[PDB]
Amino acid sequence: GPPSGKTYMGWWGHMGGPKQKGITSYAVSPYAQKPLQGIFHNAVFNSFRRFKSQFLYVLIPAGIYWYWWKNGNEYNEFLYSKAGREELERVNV
Amino acid sequence: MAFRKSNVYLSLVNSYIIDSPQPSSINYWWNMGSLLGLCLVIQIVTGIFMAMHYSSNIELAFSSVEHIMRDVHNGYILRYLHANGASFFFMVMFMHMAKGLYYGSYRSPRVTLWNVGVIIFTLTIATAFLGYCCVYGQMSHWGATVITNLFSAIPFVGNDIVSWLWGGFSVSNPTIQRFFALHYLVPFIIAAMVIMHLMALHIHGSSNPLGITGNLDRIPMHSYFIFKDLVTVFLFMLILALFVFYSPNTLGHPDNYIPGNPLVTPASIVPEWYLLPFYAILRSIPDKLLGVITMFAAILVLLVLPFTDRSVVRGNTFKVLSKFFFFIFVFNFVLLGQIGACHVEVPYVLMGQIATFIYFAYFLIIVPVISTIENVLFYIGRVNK
Amino acid sequence: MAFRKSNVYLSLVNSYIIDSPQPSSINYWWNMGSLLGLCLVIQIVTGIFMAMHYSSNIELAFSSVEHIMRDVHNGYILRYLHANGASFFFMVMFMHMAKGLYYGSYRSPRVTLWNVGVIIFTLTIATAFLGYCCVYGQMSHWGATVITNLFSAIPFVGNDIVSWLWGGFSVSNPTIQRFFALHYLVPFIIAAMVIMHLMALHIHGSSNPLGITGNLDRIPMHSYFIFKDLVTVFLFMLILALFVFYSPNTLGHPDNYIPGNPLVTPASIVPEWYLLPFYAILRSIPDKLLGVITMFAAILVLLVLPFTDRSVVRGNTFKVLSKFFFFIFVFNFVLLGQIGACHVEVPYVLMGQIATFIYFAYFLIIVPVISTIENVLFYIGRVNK
Amino acid sequence: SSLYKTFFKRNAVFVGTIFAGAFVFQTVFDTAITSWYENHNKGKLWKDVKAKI
Amino acid sequence: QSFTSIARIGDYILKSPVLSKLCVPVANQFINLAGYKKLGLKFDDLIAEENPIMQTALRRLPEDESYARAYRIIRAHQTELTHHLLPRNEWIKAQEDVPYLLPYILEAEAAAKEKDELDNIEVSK
Amino acid sequence: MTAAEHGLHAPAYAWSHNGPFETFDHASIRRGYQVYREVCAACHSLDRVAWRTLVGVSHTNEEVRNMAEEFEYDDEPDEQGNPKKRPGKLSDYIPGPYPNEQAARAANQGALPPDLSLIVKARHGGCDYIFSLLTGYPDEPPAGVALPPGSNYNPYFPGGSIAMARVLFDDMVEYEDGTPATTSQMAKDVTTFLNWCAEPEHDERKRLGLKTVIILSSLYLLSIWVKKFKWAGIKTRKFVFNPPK
Amino acid sequence: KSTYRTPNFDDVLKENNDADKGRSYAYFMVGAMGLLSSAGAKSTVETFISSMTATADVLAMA
């Protein structure tokens, strides 16, 4: 097999990141850890903190559109009803 | 060196499913990919097994499917699974694509990955249409008619391309028998397109939610994502199980239970749900040619993103205006589909057109403008010269 | 670095068909490989095109094939190409297998290569028989019958496997419709199986007629073997055209132009020419079960070759006793196929049995016994210690 | 739990033990569901309408 | 988009007291709303690095700023994968949120601009 | 679109079978067959339902064999090739009332009565719509509604104008089990029958559904718990930095 | 901060009195997951296979 073009990712041992020095990591065995807790008591008030931050970028747009739909849908329901049949003839063709 | 590493075949696997360096921080949105892979399998398998009972013939078509529905043991499970799998395929695909837009997966060096992805999107929509035709119910025949007729818009040869596809004077036996063959073929082409998609993904690795380099902290795909992909796999199955067994026809259209009829287009004719936003766009332009050109454009404009995105950082995680407008885009897409579902009546027409505008405007105006503005906002917000 | 090299997709194309280092001395037997690739394409393309007109329904099956011959434009060219392309596939496959069997390509590090190739042989024969059934002519029906029954030989579950395959009391509609379904599917698997054959080829490269290393004198695949291959491609098409246009039915059986009938097996029943040697081996054993075990064994025995060839040098180019015994095997194989086309009558039965013995005895006795002798012969002929 | 240490003794469940158990389940589990289901729908089933005949 | 471009537009704003008094606040709020400081990251750590210019820059960066940046990035990934935010006191205080890589980027950019210009320089006799 | 064209929305009746755990009421299915055989069958086919499919669902092997044999079907011609008939058998499909379409429209003012094999699935509303359409025929069209000759008004059908008149009337059928054959009691029955005709897999399907949802649910929960365990090492992981001199 | 001064894991480190607790729970889960999956696999496989066996309409006893 011949050589291929250079990329932005190597593989274990030469991943191609910056020389790391000074960073030290500690970790523990999953076997030696509390039989899966964290849920409730410690990370229940922590949960849902996300989408309490984001929920506005989601809500405002949803609101703008759901409102626009509803509103526009009622005007439809009206035009084709007995009452609006006079206005319907105006804006139709 | 280990066998899985040295062997010709196993090594391909090892470097794609076992030792593949993943960014420690990729979230569940990155699980969409494996799900699409599963859909392809489900679709392909359920399909081959039904082919063993299906008849391409325009006369026997609808009935053979009903034969699969009644006489074939577990037949209904195969059909309800194929049918609902297609719809789930699209739900998951849209999500996979959405994850792409949001996290800026399309830019960086991953362009080719994106472009191949778009091709797949086009190929899938095609495949599904061909398959939908095989049932040959009212929605089938008319969808077959309307869609093949999209090509009559081509200037001169246009009508020839159409009667050529049909292989006759209208949608008939030749058209269904051929569409079955094509429906069988394309999926394999998709699989093929999927490997290329994976190959491009494999040179630069997957991206992460921060939008920065992952190279500093990776964890092998195995004994991590194999188990994490499994969580969403099981959920995916559970939710599909619910439809396949307790709500098998909710995602479908009733008219597709009445055999096709060339002399009658139901007043209730309506496209499959996942095609609506597109159907909506075409309907908004009151000209034949433009409607079809604008629609195809709605798909192709996806290719323009790695260029209009003027940002100097990747992804929406730290951009405010971006997130907001991104969400204006998503819902606008849903509203667009909602429109395709309604009739061509006074309050809805103008709405469809505005929504269409917004859609195209997001890619050609919003993204380039906002991305520029946010770039400066970032600079002047901490620079003191 | 050049583009053909740097691109993710072209580098593959490049290292396989352009820059690939080949041994300068490889002869024209090395051209059989690409020919098979071509064959796979001819079959696949022609098939899909014909499929647009085919009806697997047992009552419509035979006639849809005639509809292809009589009504489809160039339909006959499509059918005659597919049918003859099927026989050429085997004439070439046999040559490709022979070349390797001769030049000891199954040896050294190329075993996995050879083993993959053996799978492709078993699969191709299967695909071919599935397709032969689709015409549903007399030969079709009875071929369908006999072959599926080969499994009724399995001791306990036997009959169950058989009726499972048929999907009924006998070979009827269910059988022919699932058989088309599968005839469409396997080709794509063969294709996959081919890419593995190629990956296994690519790590060691091709061998050469001298049977020694080709590392000292290499020449790129492009502009040499690309053009050398062209010569055989054309030559191949020229002869296939002679059959397709001037003698379309010479390689077939007339009984297949008579619609299949479940109550009458024609006294003229004979397997396809490429299956004969194997048919013959089965007929030569008067026991039902042993008959099928021996036949399947005759195919599996090829896997034994890398262990029974005790020679210290590769290939037959310099072995007097091996070249001799090789041709004895080749002709024996032809005689075997000849006995197959014959009747079950006095001189032929015993002949068939003597040849079957030879066939197996070649891989198990002759080769190891002969090669050991040649090793010693090569030694004493020049050692004066 | 000490219930695991008696049965499997701090060793993961074996692949052979898994399959073996998998079979048992199939039948046991099924009958359970079938029963609960038939019972819940009593009076509607064919077995029930066949008796009133 | 180029930083030579970003820095052009930005400074002009930052200079004219009219645009300045009006934008800098929006910009400061936009940034605090962005939330990256809450992950212990400086904006320059966010700059997409998969291109010649950034690659050139990062290499030219003094050893210490590099090791530091390394840590910050890893820390960000660990925090994000745990779905929390760093303890408030570890957040990058706006005064630390310095454009440390920027000078290198601009240097590299203009250097490239020239090379580019000198490659196509026309001649006039 | 004017409500008259959309059609009056069918209400939600409480079907004995609406429910992830509910089976059809085979008792009602049986009565349904009768309402079909005596009233509907004179204009509507059931081409997709084979006799044998009733066996063990609504009737007995003997009862079906008997209902089948009352009709003649084409058999293989005799020695000299003369077409001859034969009494129906379990492997056959319920015969329609008309030999072809032209003949069906002749007997129906020009209209064509759809085959009712998949009617519940070929309409929005399903059981609720079929049932509502059957019962909701007002004795007189609303004021201003001019009706085409030979047509009938029914609010539930789209456009209000429907070619099928009203056919269900109190006590028109004599139920075998002694159930009051009121016009609505019948509608409830035929509809249920027509539902089974279109969805025979019904009961069997909801049962497998229950097995599937239970198993997959467990696999899902289990999988979450397993994922967390494997990921524990990485989740709790800690980093400390010391700027090198 | 010295590297020999190991951080605090007292929020996750289980107070042992039943050393093999994390293990007993994990292995049961894993094993239980495995049990149900073989069953589900056996079930899926049988469904497809059996969809080839004779259809209802062809079992016509003549």
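As written, the chains take the letters A, B, C, D, E, F and G, and residue 1 is the first residue of each chain.
Basically, a contact is a pair of C-beta atoms (placed from the backbone, for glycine too) under 8 Å apart; a residue touches a chain by one contact, two chains touch by 3 or more.
Engineer: Name the chain pair with more contacting C-beta pairs, choosing from E-F and A-F.
Structural biologist: A-F
Engineer: Average the C-alpha coordinates of each chain, average all protein C-alpha coordinates together, and give the chain whose average is closest to the overall one.
Structural biologist: Nearest to the common C-alpha centre lies chain B.
Engineer: Taking the mean of the C-alpha atoms as each chain's centre, how many Å separate chain A from chain C?
Structural biologist: Chain centres of chain A and chain C, defined by C-alpha means, are spaced 55 Å apart.
Engineer: Counting only Cα atoms for the centres, state how far chain B is from chain E in Å.
Structural biologist: Centres of chain B and chain E (C-alpha means) sit 36 Å apart.
Engineer: Where the CA atoms of chain A average out and where those of chain E average out, how many Å apart are those spots?
Structural biologist: A distance of 26 Å separates the two centres.
Engineer: Please compute the C-alpha centroid of chain A, do the same for chain D, then give the distance between them in whole Å.
Structural biologist: For chain A versus chain D, the centre distance works out to 40 Å.
Engineer: Of all the residues in chain E, which ones touch at least 2 other chains?
Structural biologist: Residues 35, 50, 67, 70-71, 74, 78, 81.
Engineer: Touching two or more other chains, which residues of chain A qualify?
Structural biologist: 8, 17-18, 20-24, 26, 28, 30, 33, 36, 80
Engineer: Identify all positions of chain F at which a residue touches two or more other chains, and write them in rising order.
Structural biologist: As it turns out, chain F has residues touching two or more other chains at 1, 53, 216, 219, 223, 225-226, 229-232, 234, 236-244.
Engineer: If you look only at chain F, which of its residues touch chain E in the complex?
Structural biologist: Contact set of chain F toward chain E: 234-235, 237, 239, 241, 243-244.
Engineer: Show which residues of chain A lie in contact with chain G when the two form their complex.
Structural biologist: 24, 26, 28, 30-36, 38, 42
Engineer: Along chain A, where are the residues that touch chain F in the complex?
Structural biologist: Answer in residue numbers: 21-30, 33, 36, 80-81.
Engineer: Residue numbers of chain F touching chain G in their complex, please.
Structural biologist: By the definition above, chain F touches chain G via 50, 52-53, 91, 215-216, 218-219, 222-223, 225-226, 229, 232, 236, 238, 240, 242.
Engineer: Any idea which chain D residues touch chain G in the complex?
Structural biologist: These residues of chain D touch chain G: 1, 4-5, 8, 10-13, 15, 18-19, 21-23, 25-26, 29.
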